[PDB]
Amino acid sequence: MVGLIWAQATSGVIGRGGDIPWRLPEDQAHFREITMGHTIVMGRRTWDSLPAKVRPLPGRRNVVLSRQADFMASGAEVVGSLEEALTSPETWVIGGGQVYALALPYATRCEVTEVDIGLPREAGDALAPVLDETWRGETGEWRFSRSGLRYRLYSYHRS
């Protein structure tokens, strides 16, 4: 089971300036519950985006993808191809835009949070992958976050 997990604005934006341009604490709790115990795979920019206090993410096998042969990630395995990163019964690809694009052909599930903010796509933004017809989705109810934002969860699958 290779899965992808991300949160996006309706427009598809997931990242900007090395950060996520919103906060949604219920989504972090959801992210932790889905990924905990498993292997997590991330691009080097996403690893750099985690504050040192939170990296590696606890209780998970952290794997970082870089083309730098000598890249060091204290607390994580570093691999040179996505295919080398995928492990064991369950791996979650946790970002960012480049690594989601690379991992989608190997993915069976996507767990997606849609954040209802009118955040327009800007040049240089990291974007979520677009899911074609092979994906089947189940739509959750809209909810309101402690942060003030409206959001809903999608669970996508394919066989």
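Each form is matched to the other, and the largest set of C-alpha atoms that superpose within 1.5 Å is called the rigid core. All residue numbers are counted from 1 along the displayed sequence.
- Fitting each structure in 4 other deposited structures of this protein onto the rigid core and averaging C-alpha distances over structures and residues, 85 to 93 emerges as the more displaced of 85 to 93 and 71 to 79.
- Look at the C-alpha B-factors of 120 to 128 and of 45 to 53. On average they run higher in 45 to 53.
- For the segment pair 65 to 73 and 99 to 107, the entry gives 65 to 73 the higher mean B-factor, averaged over Cα atoms.
- Compared with the other modelled residues of the chain, the Cα B-factor recorded for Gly137 ranks in the highest third.
- In the deposited entry, the Cα temperature factor of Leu153 sits in the middle third of values across the chain's modelled residues.
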